[PDB]
Structure formats: C-alpha cells, structure tokens
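This document starts with one chain, in the form deposited in one PDB entry, laid out as structure tokens.
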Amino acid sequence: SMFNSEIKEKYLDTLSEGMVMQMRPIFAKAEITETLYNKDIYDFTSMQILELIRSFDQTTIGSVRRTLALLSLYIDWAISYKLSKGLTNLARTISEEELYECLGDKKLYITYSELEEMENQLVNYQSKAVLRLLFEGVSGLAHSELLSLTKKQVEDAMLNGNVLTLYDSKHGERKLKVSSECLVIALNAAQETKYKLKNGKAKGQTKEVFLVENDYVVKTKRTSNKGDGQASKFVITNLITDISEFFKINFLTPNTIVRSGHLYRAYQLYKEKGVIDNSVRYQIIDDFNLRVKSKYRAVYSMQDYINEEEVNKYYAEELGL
C-alpha cells in the first residue's frame, strides 16, 4: 500500500484535497521500489529517483517533469523536518537530459514538442538533421533518400513550395513537402565541417573530428577513409546512437522516428476530426507521399501505431484530457 506509512500520512495531511489526489498514487506506485531498497524516497540517490520514475511508465517528457516536481515538494518537506539522511534535495540536481532517462520503457514514439526540445540540446547539425529529416519522411530503402540528399535539392525545395525531390536507390524519384525549419537545418548540415563528439561534452583531449567535404547533407567522417561520395547506412545509425547516448534512451530507431512523424500528423487530424480510422490513414499516406507496395496494405500496417490509443497516450496534454 505505502512505504513508511505514518510519515507519508503526516505529509499528506498538510496538502489540499487536490494535491492529495496527485501525491497519493505516486506513493502507492513508489512503494514497491522503496521496499526493494528498504528506504524512503527522501533517502533515494539521483539514480534511484530516475529509476523510480521510469517504473511509473510515463510516456511524455511533460508528464515526467510534473512527476519530478511533485517528488521535489515531498523531499523538501522531508528535508525541512530532517527526516532525510542527506541535506540536499537530489530531485533538484536532475538535469534536462536526465529527464529523458526517466521516460518509461514502453515509450516508442516522440511527440513534435519532444523532437523540438531534443533538437535544441543537440549542438551538431548532422545530429539535428537526421532526427528531423527522418521525422518528416526523408527515408528510402536503407535511408537512400536521406544519404543521397544534397544542398541543391534543399536549395530547390525552398524555391518550390518546400517540396523536396528525393532520390531512392530502388524506386527512384519521390516528391515530399517538408517544413522550412527542416530545410534550413538540412542546409546547415550540408556545409558543416566539424562534428563535436558526445554532443559537445566530450571529456577527452579530442573533442571534435573533421567531416568530409561534399554537397551531401549526411557526411562521413574523414578518419573513416571513405570518399567524398554518399555516406552509408551505418552513419545514420551512429548519429542516432550518439543522440541516444546523450539522452540515455533505447527506443530511438530510424523506423521509430519516421513513425512519430506519422503519429504527429495523426494527432493534428484527430483534433479536428475526432476519429482515427482508415480515412485518416489514407490521408497520412498521401500527406507524406508514402512509398508503399499498395495503399490498402499500408493502411493495414498502420493500425499497429496510427490509432486512437497511441494518439491519446503520446498527445494527452495537447488534446486537453
């Protein structure tokens, strides 16, 4: 039911009825972790706070942040009563990146607002560009659309209603409308000469590494001893890896990022329409000009992730629930 009951009930007794409603469930879900370490939340280490919250299995950064803030209030109260062994509130030491480590292991997809917050903490344009370009649908077989992308296509798209012309190694050409932000990020990434390691935090003597000189947006490193030609598959995965290491998350894969794009578009339609059904799915396909065997097949595949359950899960705050 609850760990350290008579102390928790003493804290609860100082809160409004509405606060008791928020704080109580946190203590019930917390109980099993507290009995595992045989100590209270207020004696938890940083890591144990981050683990604790992950066990609540929360979907969004926004909700994690509300959960952490509630936990701080309890810890401060416990500090002011000197129940805590430690003198400082360890929930307050939790940095912005560490918030992503709090995300539950069910989380598969990123919201648009999460994409924007992640972009803003990523110092490299190679990092920013792969995230965004994938979210907005630039991805062929083995990421051929993304790896074959040049300044010139980016430049042309800006002067053509933001409509990119994409080159795939299997099927050839595809037309995709993207955002202006995506195109400016793509244009920066295509002229970048350096790549800071560990997202600008590299501890070592070596902090940056030279990139190849070419007109491609996705660039191989000079020390890899590949040409001034296109990058391979593995560069995309390594760029996602370095993003994933900075935020310390394990759900982020090229396919996952591409879906999140589809899932954000589904939210926008759900807000106006109020249903998610095959009509929505057909619209997403031709909004992203989707490269598919057939459309009906794609619409079937999309029922795994494009549905009301997933949209309510990821976008609850934005929907007003």
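Don't overthink the numbering: it's just position in the shown sequence, from 1. Rigid core here is just the name for the largest C-alpha set that superposes within 1.5 Å across the two forms.
One more form of this protein should be noted, the form deposited in another entry, which is absent from this view; the next part is about it.
Undergrad: Just one of 163, 108, 183, 79 has a CA that shifts 2 Å or more between this form and the one not shown on a core fit; which is it?
TA: Among the listed residues, the one whose C-alpha moves by 2 Å or more is 79.
Undergrad: Superposing on the rigid core, is the CA of residue 262 displaced by 2 Å or more between this form and the one not shown?
TA: No, the C-alpha position differs by under 2 Å between this form and the one not shown.
Undergrad: Residue 288: after superposing the rigid core, is there a C-alpha shift of 2 Å or more between this form and the one not shown?
TA: The answer is no, as the C-alpha of residue 288 shifts between this form and the one not shown by less than 2 Å after core alignment.
Undergrad: Tell me whether residue 9 is among the residues that move between this form and the one not shown (Cα shift of 2 angstroms or more, core superposed).
TA: Comparing the forms between this form and the one not shown, which are aligned on their rigid core, residue 9 does shift its C-alpha by 2 Å or more.
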